[PDB]
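>>> please find the sequence and an experimentally derived structure below.
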Amino acid sequence: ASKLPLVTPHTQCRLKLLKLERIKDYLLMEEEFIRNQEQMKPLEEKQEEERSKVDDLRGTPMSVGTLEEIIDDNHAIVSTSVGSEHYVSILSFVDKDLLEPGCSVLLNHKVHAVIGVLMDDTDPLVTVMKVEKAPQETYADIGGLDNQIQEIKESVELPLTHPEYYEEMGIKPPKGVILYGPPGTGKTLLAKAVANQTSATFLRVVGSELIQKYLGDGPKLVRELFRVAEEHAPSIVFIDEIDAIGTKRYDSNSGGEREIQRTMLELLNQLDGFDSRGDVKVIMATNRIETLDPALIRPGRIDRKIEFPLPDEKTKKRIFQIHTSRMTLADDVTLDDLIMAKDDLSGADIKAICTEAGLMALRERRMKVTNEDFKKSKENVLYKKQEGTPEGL
Amino acid sequence: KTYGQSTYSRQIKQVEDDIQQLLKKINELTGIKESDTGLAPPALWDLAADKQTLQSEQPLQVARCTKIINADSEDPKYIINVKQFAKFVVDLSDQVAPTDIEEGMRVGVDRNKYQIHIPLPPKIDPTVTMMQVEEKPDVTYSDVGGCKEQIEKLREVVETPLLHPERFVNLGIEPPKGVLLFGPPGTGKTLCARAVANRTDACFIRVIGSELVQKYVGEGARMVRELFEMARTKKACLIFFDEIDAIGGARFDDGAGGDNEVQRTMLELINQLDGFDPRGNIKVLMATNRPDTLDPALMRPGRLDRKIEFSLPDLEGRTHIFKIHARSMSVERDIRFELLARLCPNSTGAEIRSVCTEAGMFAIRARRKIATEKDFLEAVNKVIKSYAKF
Amino acid sequence: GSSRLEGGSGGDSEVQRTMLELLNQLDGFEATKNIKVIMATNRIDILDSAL
Amino acid sequence: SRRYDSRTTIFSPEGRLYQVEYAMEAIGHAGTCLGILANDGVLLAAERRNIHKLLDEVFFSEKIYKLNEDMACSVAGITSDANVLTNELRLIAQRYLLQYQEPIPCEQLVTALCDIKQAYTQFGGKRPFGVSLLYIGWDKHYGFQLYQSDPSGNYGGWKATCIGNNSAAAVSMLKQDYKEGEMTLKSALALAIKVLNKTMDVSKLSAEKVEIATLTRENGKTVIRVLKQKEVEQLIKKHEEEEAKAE
Amino acid sequence: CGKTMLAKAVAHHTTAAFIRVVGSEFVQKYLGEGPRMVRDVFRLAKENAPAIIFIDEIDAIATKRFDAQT
Ligand SMILES: Nc1ncnc2c1ncn2[C@@H]1O[C@H](COP(=O)(O)OP(=O)(O)OP(=O)(O)O)[C@@H](O)[C@H]1O
Ligand SMILES: Nc1ncnc2c1ncn2[C@@H]1O[C@H](COP(=O)(O)OP(=O)(O)OP(=O)(O)O)[C@@H](O)[C@H]1O
Ligand SMILES: Nc1ncnc2c1ncn2[C@@H]1O[C@H](COP(=O)(O)OP(=O)(O)OP(=O)(O)O)[C@@H](O)[C@H]1O
Ligand SMILES: [Mg+2]
């Protein structure tokens, strides 16, 4: 509560202890004196009747205007609802920490002098982007990464948990992490996990959702997205499928691609530009990364870059037992027989196989899922490969 | 428990905890219940419960904002246009002298005879007042290394002429008023701009090119016009356009219209810069990764008079940058920073800062508190080699 | 609907507020509630994917 | 002029020839083709697409082509490129015959044509041929044979294949119901009728929306035949009867 | 092809009361005035049991596509 900063080494030390013991001891003297005074006299009556004088000054028909410019000197220009513009005096009881242009101010009826402010809605965009807890699962449902999860934890979680480590040595955390790899490999899932596990406000956006059909709306959207992230303490932003917005930036192009490039420039400035980004982190994903712009994924914008390989032989077993976890299976399930094949299966492919097998098991009324069903489902899912066989090989 | 972070950890934890408890106890013992009506701390209903509010409500009447439109005859007689109320022909109260009022300035008038009492500052789009820097960055000219000629030119064009006008005025040289900074990504453009903003002693404005595209037709030009009028009210100001390639696109109109409004805003900026209306004391900077796309009219002297090339730093600058960024570290004593400069081939400032931070990382993960050489070698490996293919 | 940020509104369009409330209500209740919401459309592709 | 050039013969950024990929994409819409190699014959079963009451009957066939006395092939893709390739194949066969006085073996021929096609997709600036071939023949080196070709220039011997519409489904049943080395000509024809009946989902085998070919050795010499209407309809009646008894 | 002719004739012959408008007339400056005019017209029609309301060029109002942001 607006307490003093010790500004000793800030790391466990004897000076941090003595500057700390001192504030505690002063608070102790203050508390003792206050308790003595309260016992000696309640002062409830005196503290009261100040509310009465205030409410006397602010008449009953208080008017909700809209502040529009503070002259910096206990004066203001407050606009009444109709649209008129008055130049009123700011009184002494208004908490000035709450006065910024555009705030719904509470004016006097006969004199329009500012006498209070009101709260506003919390959903410019906060609700629509924040994801809350991930319905899928926690870190439990993710297996096989181990190293990647460790990287992300150090990049985004560890700087929140124990700042002392980074602080001790004078190095700030990395700026942003870009998750890149073949489709269906665990990018969005790991971001979801590090979101639902940490203690900041995690915001998610799709790149195609920044392609706007009015000019100068994409840049506005990105500017806002990075505007309500410093209003909210530590924050994380994850711009998924960025490829749809950040591309190689070929100049020989016509149409709305120019607007795409212009929003890309706005983002490129937000991440690392003139001003200090405050306390926010940026995660990104891209199935295809060779096509990003050099200035977006350059070192000071995205320090960490993470590859995401497919499950090889055993992570396949882990994922399979993760998705088959909740289903009654017959005692003939030759799971390895399904895994041993070097079919280059992907994680999303494993989920598809599990769901399809479960669904046909439901179709046949059978209380349990059989190995034959899983193999048939595997054949069916892989059926969505196509392409020209001899060609290219 | 844990491994044990520090010997005093538990003692400081205890003093913090009882600090929080004593703060909460005083909070309860003092009241201070949050009020939904925006009302100050009761110790700060001060002059507010009475004695200034009751003394400010009596003598300080409500003036009403009005926009003068004309000042006819030498005799004071002013046509003002109260917004959404009416339009009058009023006179000057005694407090304002006739010289203070001009045409087009917002004025305050009373609610009974509507006579003018106070001028007021003009109205500026909220989105055009924030681009002032307000708090200046702390980066300085010691933090930028390996760029010595470039910084010299920038300082001689944006900085020296304001500080010491007489040098230039005597010999009779009007110094260049624009700079185009271009170079590979992450070579030192925006940092040198930050340094210029920190050192300079005049108004500074940051405009992003992507901030001047607007949905409604003819708005961006208005924004530029207002920005230059504002900058011209000040005594001297610097404007630093970033990613100017955003709106300086080449003109290629053909067939179906494409990106034409951006072209009108670009023409408006062109005319503001060098044109019939004199440009006062303003100096402009621009930064681009791609300077070729800028149109033939902007890139012409009179608007962008200088062109400073930023090239990847040489070996000496490489070590210098390494050493600037490796300053506030808890690092070992002897590191052959020449060795580290050699070991990374052509690489930009961002490479080097990433190297420093990755070395700090490899120190942390080893649970060490002092950075050594092996940390930096591991850092260079993990930065240059591993992230080569990008 | 058809998207949650379509006309640059910022999620405050009425067409988008109705969709947000529909999403909140759909996530309100459990699968085992014998309450199945059948939805129809004459144009699938335009239809939003957040549903 | 470089402005109008299409670059039909240049690599993409992942080493895949796009014009070739599109060429193979065209085939997946023309009539289906089927291959089945029996122990005593070979057989081609493509679908007659020219299904109108106002078309006339001409020639011994409409999709099957003879190339030598002992070789025939069926086509899927463009009709005109088909004609061009057929002519070149006939010329190759006769040139070998003139040089050696022996009928051209089958892989002799298929690789000559595919070499023309590959060269065509390697240099020149033209569009590639959008045709995929199925062949059949006999030669003293490998007996009854069944080859296949593609716009790339690759070929392959197939005991059973399918090139054209619904290729995936046809090859799927062909995998499920092929007896390697345990097939008579009659059984192969019945399997063809069944697989095609699946694939030509539009109605059922009308005995007129289909083409069948047989290559056999009779009296020491090859004999090529295109099944008439009566036998085809009789086979279809037998197929429906068998399926009915099965149910 | 005669769209406003036939309405004109059925306004000549018919015995019931006739109210004519053009959709470009409902749209007005102040808020709540377009709706007010629509309600007033339909209410006057309801007052006179036999009545015909003609709204020529309804395209001025009933356009499908909208941009509810201005
Ligand atoms: N190792 C894994 N552990 C658990 N689930 C996994 C794993 N790998 C893949 N999945 C599954 O992949 C599904 C797809 O979501 P995910 O977040 O992984 O996509 P993604 O890799 O970001 O995809 P895209 O590249 O298309 O953006 C998740 O529902 C999860 O079930
Ligand atoms: N000469 C240098 N000395 C110190 N730090 C440098 C130097 N050059 C670059 N950097 C580092 O590079 C980081 C990237 O920001 P910088 O302002 O250099 O980018 P830039 O060259 O303007 O890039 P862009 O072309 O993407 O706008 C800066 O924060 C600074 O830390
Ligand atoms: N059957 C007809 N007999 C006589 N005149 C006719 C006939 N059909 C149309 N007209 C001519 O139509 C002319 C008026 O056209 P009308 O007002 O009916 O056009 P409309 O179809 O309503 O046009 P718009 O779509 O532009 O509103 C009159 O001059 C009349 O001569
Ligand atoms: Mg993914």
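Nice, I can see it. Residues are numbered from 1 along each chain as shown, chains lettered A, B, ... in the order given. Ligands and ions are numbered 1, 2, ... in the order given.

>>> how near is residue C:25 to residue C:36?
From residue C:25 across to residue C:36, the span is 14 Å (CB to CB, to the nearest Å). All C-beta atoms are positioned from the backbone trio N, CA, C, and that covers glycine.

>>> kindly report the same for residue A:260.
Relative to residue C:36, residue A:260 is positioned 41 Å away (CB to CB).

>>> the more surrounded of the two?
Neighbours were counted for residue A:260 and for residue C:36 using other CB atoms under 10 Å in any protein chain shown; residue A:260 has more, 21 against 6.

>>> can you pull the contacts of residue B:232?
Contacts for residue B:232 (CB atoms under 8 Å, 6 or more residues apart in numbering or on different chains) come out as B:280, B:282.

>>> now name the helix or strand holding it.
Assessed by DSSP states H and E, residue B:232 sits inside helix B:219-233.

>>> is the helix or strand just after that helix anywhere near ligand 2?
If you walk from helix B:219-233 toward the C-terminus, the next helix or strand you reach (DSSP H and E) is strand B:237-242. No: using CB under 6 Å from any ligand atom, strand B:237-242 stays clear of ligand 2, coming no nearer than 6.9 Å.

>>> host element of the residue lying closest to residue A:315 once chain neighbours are set aside?
Sequence neighbours aside, residue A:144 is the residue nearest to residue A:315 in space, at 3.0 Å (criterion: CB to CB, 6 or more residues apart in numbering or on different chains). Assigned by DSSP H and E, residue A:144 belongs to no helix or strand.

>>> and residue A:341, what helix or strand is that in?
Counting by DSSP H and E, no helix or strand carries residue A:341.

>>> contacts only, for it.
Counting by CB under 8 Å, 6+ apart, residue A:341 touches no other residue.

>>> the one 10 residues further on too?
With contact taken as CB under 8 Å, 6+ apart, residue A:351 is in contact with residue A:323.

>>> so it, which state does it fall into?
Using DSSP: H, G, I helix; E, B strand; the rest coil, the structure places residue A:351 in helix.

>>> near chain B, which residues of chain C show up?
Residues of chain C found near chain B (CB under 8 Å from any CB of the partner chain) are residue C:8.

>>> distance-wise, check residue D:199 relative to ligand 2.
To ligand 2, residue D:199 is 57 Å away according to CB to the nearest ligand atom, to the nearest Å.

>>> residue A:240 now?
Taking CB to the nearest ligand atom, one finds residue A:240 at 23 Å from ligand 2.

>>> beta partners for that residue?
Taking DSSP bridges as the rule, residue A:240 bridges to residue A:206.

>>> that one: neighbour count?
Other residues near residue A:240 come to 21 when the count uses other CB under 10 Å.

>>> ok now do it, which residues does it touch?
By CB under 8 Å, 6+ apart, the contact set of residue A:240 is A:187, A:188, A:191, A:204, A:205, A:206, A:207, A:284, A:285.

>>> can the helix or strand containing the last one be found next to chain B?
Which is residue A:285. Assigned by DSSP H and E, residue A:285 falls within strand A:280-286. No: figure legend: strand A:280-286 not in contact with chain B (CB under 8 Å from any CB); closest approach 11.3 Å.

>>> same check, this time on stretch A:145-153
No: between stretch A:145-153 and chain B, judged by CB under 8 Å from any CB, nothing touches; the nearest distance is 9.2 Å.

>>> neighbours around the residue of chain E found nearest ligand 1, how many?
Evaluated by CB to the nearest ligand atom, chain E has residue E:69 as its residue closest to ligand 1, separated by 31.1 Å. Residue E:69: 12 surrounding residues under other CB under 10 Å.

>>> quick one on the thing from earlier: mind giving me the packing neighbours of the helix or strand following the strand holding residue A:285?
Toward the C-terminus, strand A:280-286 is succeeded by strand A:304-307 as the next helix or strand (DSSP H and E). Secondary-structure packing of strand A:304-307 (3 or more CB pairs under 8 Å, 6 or more residues apart in numbering or on different chains; DSSP states H and E): helix A:147-152, strand A:176-180.

>>> can you put these in a markdown table and add mean neighbour count and distance to ligand 1?
Conversion of the helices and strands packed on strand A:304-307 to a markdown table gives the following (neighbours: other CB atoms under 10 Å in any protein chain shown; distance: least, CB to the nearest ligand atom, whole Å):
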| stretch | mean neighbour count | distance to ligand 1 |
| --- | --- | --- |
| helix A:147-152 | 16 | 10 |
| strand A:176-180 | 24 | 7 |
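
>>> could you dump the ones you listed to a markdown table with distance to ligand 2?
Shown next, in a markdown table, are the helices and strands packed on strand A:304-307 (distance: least, CB to the nearest ligand atom, whole Å):
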| stretch | distance to ligand 2 |
| --- | --- |
| helix A:147-152 | 22 |
| strand A:176-180 | 13 |
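
>>> distance to chain C added to the ones you listed, as a markdown table?
Below are these laid out as a markdown table (distance: least, CB to the nearest CB, whole Å):
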| stretch | distance to chain C |
| --- | --- |
| helix A:147-152 | 26 |
| strand A:176-180 | 21 |
